[PDB]
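Shown below: work_24.txt, with compact mmCIF, C-alpha atoms and all ligand atoms.
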# COMPACT_ATOMS: atom_id res chain seq x y z
CA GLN W 1 -134.00 38.08 -80.68
CA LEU W 2 -136.38 39.87 -83.05
CA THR W 3 -134.55 42.75 -84.71
CA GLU W 4 -136.14 45.79 -86.38
CA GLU W 5 -134.76 44.62 -89.74
CA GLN W 6 -136.64 41.32 -89.44
CA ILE W 7 -139.89 43.04 -88.43
CA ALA W 8 -139.70 45.25 -91.53
CA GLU W 9 -139.37 42.21 -93.80
CA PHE W 10 -142.32 40.52 -92.08
CA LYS W 11 -144.60 43.57 -92.34
CA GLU W 12 -144.11 43.50 -96.12
CA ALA W 13 -145.64 40.01 -96.29
CA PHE W 14 -148.62 40.96 -94.09
CA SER W 15 -149.43 43.83 -96.47
CA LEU W 16 -149.41 41.37 -99.37
CA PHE W 17 -151.78 38.88 -97.72
CA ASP W 18 -154.27 41.59 -96.75
CA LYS W 19 -156.30 42.31 -99.87
CA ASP W 20 -158.63 44.88 -98.31
CA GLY W 21 -156.32 45.67 -95.40
CA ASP W 22 -158.71 45.16 -92.49
CA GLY W 23 -156.01 44.07 -90.06
CA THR W 24 -156.82 40.36 -90.18
CA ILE W 25 -156.12 37.51 -92.60
CA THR W 26 -158.97 35.16 -93.48
CA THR W 27 -158.74 31.76 -95.18
CA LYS W 28 -159.71 33.45 -98.46
CA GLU W 29 -156.79 35.91 -98.43
CA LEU W 30 -154.41 33.29 -97.06
CA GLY W 31 -155.12 30.94 -99.95
CA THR W 32 -154.75 33.67 -102.57
CA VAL W 33 -151.04 34.18 -101.92
CA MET W 34 -150.38 30.47 -101.33
CA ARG W 35 -151.89 29.69 -104.74
CA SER W 36 -149.31 31.78 -106.60
CA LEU W 37 -146.62 30.05 -104.52
CA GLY W 38 -147.21 26.83 -106.42
CA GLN W 39 -149.33 25.43 -103.60
CA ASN W 40 -152.98 24.40 -103.68
CA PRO W 41 -154.51 24.27 -100.17
CA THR W 42 -158.16 23.42 -99.57
CA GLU W 43 -160.69 25.13 -97.30
CA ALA W 44 -160.09 22.68 -94.45
CA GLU W 45 -156.31 23.02 -94.81
CA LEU W 46 -156.43 26.82 -94.79
CA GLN W 47 -158.43 26.70 -91.56
CA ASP W 48 -155.81 24.63 -89.73
CA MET W 49 -153.05 27.00 -90.89
CA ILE W 50 -154.85 29.93 -89.27
CA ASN W 51 -155.46 28.03 -86.01
CA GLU W 52 -151.66 27.89 -85.53
CA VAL W 53 -151.66 31.47 -84.21
CA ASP W 54 -155.40 31.89 -83.67
CA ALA W 55 -156.16 31.69 -79.95
CA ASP W 56 -158.43 34.70 -79.48
CA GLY W 57 -161.43 33.05 -81.12
CA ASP W 58 -161.68 35.12 -84.30
CA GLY W 59 -160.64 32.61 -86.95
CA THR W 60 -158.29 35.11 -88.58
CA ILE W 61 -154.66 36.22 -88.47
CA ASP W 62 -154.17 39.72 -87.05
CA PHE W 63 -151.05 41.88 -87.30
CA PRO W 64 -149.31 40.58 -84.09
CA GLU W 65 -150.45 37.05 -84.94
CA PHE W 66 -148.75 37.05 -88.34
CA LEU W 67 -145.57 38.70 -87.04
CA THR W 68 -145.08 35.92 -84.47
CA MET W 69 -145.89 33.29 -87.10
CA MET W 70 -143.44 34.63 -89.69
CA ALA W 71 -140.74 34.79 -87.02
CA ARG W 72 -140.86 31.03 -86.40
CA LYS W 73 -141.28 30.17 -90.10
CA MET W 74 -139.22 32.68 -92.09
CA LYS W 75 -135.57 32.02 -91.30
CA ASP W 76 -134.26 34.01 -94.28
CA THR W 77 -131.73 31.57 -95.74
CA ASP W 78 -133.37 28.14 -95.52
CA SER W 79 -131.95 24.68 -96.19
CA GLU W 80 -131.43 23.02 -99.58
CA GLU W 81 -134.65 21.07 -99.02
CA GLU W 82 -136.77 24.25 -99.02
CA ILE W 83 -134.63 25.88 -101.73
CA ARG W 84 -135.75 23.25 -104.27
CA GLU W 85 -139.41 23.75 -103.36
CA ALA W 86 -139.24 27.50 -104.03
CA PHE W 87 -137.17 26.92 -107.18
CA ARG W 88 -140.05 25.09 -108.87
CA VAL W 89 -142.28 28.09 -108.15
CA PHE W 90 -140.41 30.55 -110.36
CA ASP W 91 -139.87 27.80 -112.93
CA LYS W 92 -143.39 26.85 -114.01
CA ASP W 93 -142.04 25.14 -117.14
CA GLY W 94 -140.31 22.44 -115.09
CA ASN W 95 -137.26 22.53 -117.37
CA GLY W 96 -134.87 23.68 -114.66
CA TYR W 97 -134.19 27.08 -116.22
CA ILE W 98 -135.74 30.37 -115.15
CA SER W 99 -135.48 33.16 -117.72
CA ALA W 100 -136.55 36.80 -117.41
CA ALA W 101 -140.01 36.18 -118.87
CA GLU W 102 -140.67 33.28 -116.47
CA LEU W 103 -139.41 35.23 -113.44
CA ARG W 104 -141.46 38.34 -114.26
CA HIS W 105 -144.59 36.19 -114.58
CA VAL W 106 -144.24 34.73 -111.09
CA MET W 107 -143.35 38.13 -109.60
CA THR W 108 -146.43 39.84 -111.05
CA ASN W 109 -148.61 36.93 -109.94
CA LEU W 110 -147.22 37.21 -106.41
CA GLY W 111 -148.32 40.84 -106.37
CA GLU W 112 -144.94 42.46 -106.94
CA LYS W 113 -145.15 44.85 -109.89
CA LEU W 114 -141.79 45.35 -111.58
CA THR W 115 -140.37 46.40 -114.94
CA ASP W 116 -138.46 44.29 -117.46
CA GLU W 117 -135.09 45.79 -116.50
CA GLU W 118 -135.68 44.97 -112.82
CA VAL W 119 -136.11 41.30 -113.71
CA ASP W 120 -132.95 41.27 -115.83
CA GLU W 121 -131.03 42.52 -112.79
CA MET W 122 -132.27 39.70 -110.56
CA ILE W 123 -131.49 37.13 -113.25
CA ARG W 124 -127.85 38.18 -113.73
CA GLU W 125 -127.47 38.28 -109.94
CA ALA W 126 -127.82 34.50 -109.68
CA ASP W 127 -126.52 33.78 -113.20
CA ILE W 128 -122.98 32.42 -113.34
CA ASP W 129 -122.85 31.72 -117.08
CA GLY W 130 -124.76 34.83 -118.12
CA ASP W 131 -127.18 33.05 -120.44
CA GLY W 132 -130.38 34.66 -119.18
CA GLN W 133 -131.51 31.44 -117.51
CA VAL W 134 -131.02 30.35 -113.90
CA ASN W 135 -130.77 26.66 -113.04
CA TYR W 136 -130.90 24.96 -109.64
CA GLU W 137 -127.14 25.34 -109.11
CA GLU W 138 -127.36 29.08 -109.78
CA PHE W 139 -130.37 29.32 -107.45
CA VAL W 140 -128.26 28.31 -104.45
CA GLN W 141 -125.45 30.51 -105.77
CA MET W 142 -127.42 33.66 -104.90
CA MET W 143 -128.19 32.26 -101.44
CA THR W 144 -124.48 32.04 -100.65
CA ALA W 145 -123.33 35.15 -102.53
CA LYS W 146 -125.25 38.12 -103.90
CA CA V 201 -157.42 41.77 -95.05
CA CA V 202 -138.79 27.30 -118.15
CA CA V 203 -126.84 29.66 -116.29
TB TB V 204 -156.82 36.03 -84.51

Show me, as C-alpha cells, the structure contained in the file I just sent.
Amino acid sequence: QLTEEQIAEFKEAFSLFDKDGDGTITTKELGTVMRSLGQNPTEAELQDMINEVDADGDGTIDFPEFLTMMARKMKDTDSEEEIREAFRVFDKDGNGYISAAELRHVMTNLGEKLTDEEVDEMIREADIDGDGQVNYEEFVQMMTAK
C-alpha cells in the first residue's frame, strides 16, 4: 500500500511543519503552515486537527503520527473540487491568473526558497498560451500532463 516514494514525499512536509525540529508538531507550528495555505484556523480548530492522530496523550503530532495522517489525506492528484481551493492560494490577487511574481511569493511564504528562473520553469509547465500567467484551465492542465 504505502510505497517508499510516497513516504519520501510525506517526510518533506513533516520537515516543513517542524520549525525547531523536535519530532512533534504543536498547534503553533501546525497553524504556521496552514496560514500560508490561504487558511485561517483558530486555536480550538488547530487542537481538533491534532486529535485526529493524537491518541498517546501528548497533544502533538509525532513523526509516525504525521506519516499516517498524510497517507489518508494526501492522494497526490486530487479532484477538481480541491484543485480550485489550492488554485486560489497561489493566486492571492483573485484575478484568475498566476504570474511568476505571484507564484514566487507563495512559494517563499510556504518555506520553499527558489530563484526567479525556477519559478519561470514551473509557470511554463502549466502554461498553454505562454503568456507568463496561469489560469484555472491551465492549472488542471499540469495535473493531467506535465
Ligand atoms: Ca517541531
Ligand atoms: Ca494575480
Ligand atoms: Ca495562459
Ligand atoms: Tb502524539

As an exercise, work out the distance from CA of residue 33 (chain W) to CA of residue 110 (chain W) in Å and give it to one decimal place.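 Taking CA of residue 33 (chain W) and CA of residue 110 (chain W), their separation equals 6.6 Å.
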
Could you report the residues within 12 Å of ligand CA 201 (chain V), using all atoms listed in the file, as a PyMOL selection string? chain W and resi 13-30+32+60-63+66

Within-7 Å residues of ligand TB 204 (chain V), basis all atoms listed in the file, as a ChimeraX atom specification: /W:53-62,65

Collect all residues with atoms no farther than 7 Å from ligand CA 202 (chain V), counting only C-alpha atoms and all ligand atoms, and output them as an MDAnalysis selection string. chainID W and resid 91:99 102

Restricting the calculation to all atoms listed in the file, which member of W:120, W:52, W:137, W:127 is positioned closest to ligand CA 203 (chain V)? W:127

Centre and size of axis-aligned box enclosing region 133-142 of chain W plus 6 Å each side, as AutoDock Vina command-line options:
--center_x -128.5 --center_y 29.3 --center_z -111.0 --size_x 18.1 --size_y 20.7 --size_z 25.1

Between CA of residue 75 (chain W) and CA of residue 7 (chain W) lies a distance of 12.2 Å

Could you build a table of the residues in chain W lying no more than 10 Å from ligand CA 203 (chain V), giving for each the nearest pair of atoms and their separation in Å rounded to one decimal place, using all atoms listed in the file, ordered by chain and ascending residue number, as CSV?
residue,atom,partner,partner_atom,distance
W:97,CA,V:CA203,CA,7.8
W:98,CA,V:CA203,CA,9.0
W:99,CA,V:CA203,CA,9.4
W:123,CA,V:CA203,CA,9.3
W:124,CA,V:CA203,CA,9.0
W:126,CA,V:CA203,CA,8.3
W:127,CA,V:CA203,CA,5.2
W:128,CA,V:CA203,CA,5.6
W:129,CA,V:CA203,CA,4.6
W:130,CA,V:CA203,CA,5.9
W:131,CA,V:CA203,CA,5.4
W:132,CA,V:CA203,CA,6.8
W:133,CA,V:CA203,CA,5.1
W:134,CA,V:CA203,CA,4.9
W:135,CA,V:CA203,CA,5.9
W:136,CA,V:CA203,CA,9.1
W:137,CA,V:CA203,CA,8.4
W:138,CA,V:CA203,CA,6.6
W:139,CA,V:CA203,CA,9.5

Skipping near chain neighbours, those fewer than 5 positions away, what residues fall within 10 Å of residue 78 (chain W) using only C-alpha atoms, listed as a tab-separated table (two decimals) with C-alpha atoms, in the frame of the given file?
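Full text of selection_31.tsv as output:
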chain	number	residue	atom	x	y	z
W	73	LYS	CA	-141.28	30.17	-90.10
W	83	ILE	CA	-134.63	25.88	-101.73
W	143	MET	CA	-128.19	32.26	-101.44

Pairwise distance for CA of residue 86 (chain W) and CA of residue 107 (chain W), rounded to one decimal in Å: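 Between CA of residue 86 (chain W) and CA of residue 107 (chain W) the gap is 12.7 Å.
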
List as a PDB file with C-alpha atoms, in the coordinates of the input the protein and nucleic acid residues near residue 119 (chain W), meaning an atom at most 9 Å away when all atoms listed in the file are counted, but skip any in the same chain fewer than 2 places from it.
ATOM      1  CA  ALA W 100    -136.550  36.800-117.410  1.00  0.00           C
ATOM      2  CA  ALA W 101    -140.010  36.180-118.870  1.00  0.00           C
ATOM      3  CA  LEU W 103    -139.410  35.230-113.440  1.00  0.00           C
ATOM      4  CA  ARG W 104    -141.460  38.340-114.260  1.00  0.00           C
ATOM      5  CA  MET W 107    -143.350  38.130-109.600  1.00  0.00           C
ATOM      6  CA  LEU W 114    -141.790  45.350-111.580  1.00  0.00           C
ATOM      7  CA  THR W 115    -140.370  46.400-114.940  1.00  0.00           C
ATOM      8  CA  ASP W 116    -138.460  44.290-117.460  1.00  0.00           C
ATOM      9  CA  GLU W 117    -135.090  45.790-116.500  1.00  0.00           C
ATOM     10  CA  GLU W 121    -131.030  42.520-112.790  1.00  0.00           C
ATOM     11  CA  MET W 122    -132.270  39.700-110.560  1.00  0.00           C
ATOM     12  CA  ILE W 123    -131.490  37.130-113.250  1.00  0.00           C
ATOM     13  CA  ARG W 124    -127.850  38.180-113.730  1.00  0.00           C
TER      14      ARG W 124
END

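Considering the residues W:45, W:67, W:82, W:88 and counting only C-alpha atoms, residue 4 (chain W) has its shortest atom-to-atom contact with W:67.
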
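Each of W:8, W:69, W:49, W:3 was checked against residue 31 (chain W) using all atoms listed in the file; the smallest atom-to-atom distance is that of W:49.
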
Would you list the contacts of residue 2 (chain W) as a PyMOL selection string, taking every protein, DNA or RNA residue within 10 Å and counting all atoms listed in the file, but skipping same-chain residues closer than 3 positions in sequence? chain W and resi 5-7+68+71

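Among the candidate residues W:72, W:90, W:84, W:40, the one lying nearest to residue 1 (chain W) is W:72, with distances computed using all atoms listed in the file.
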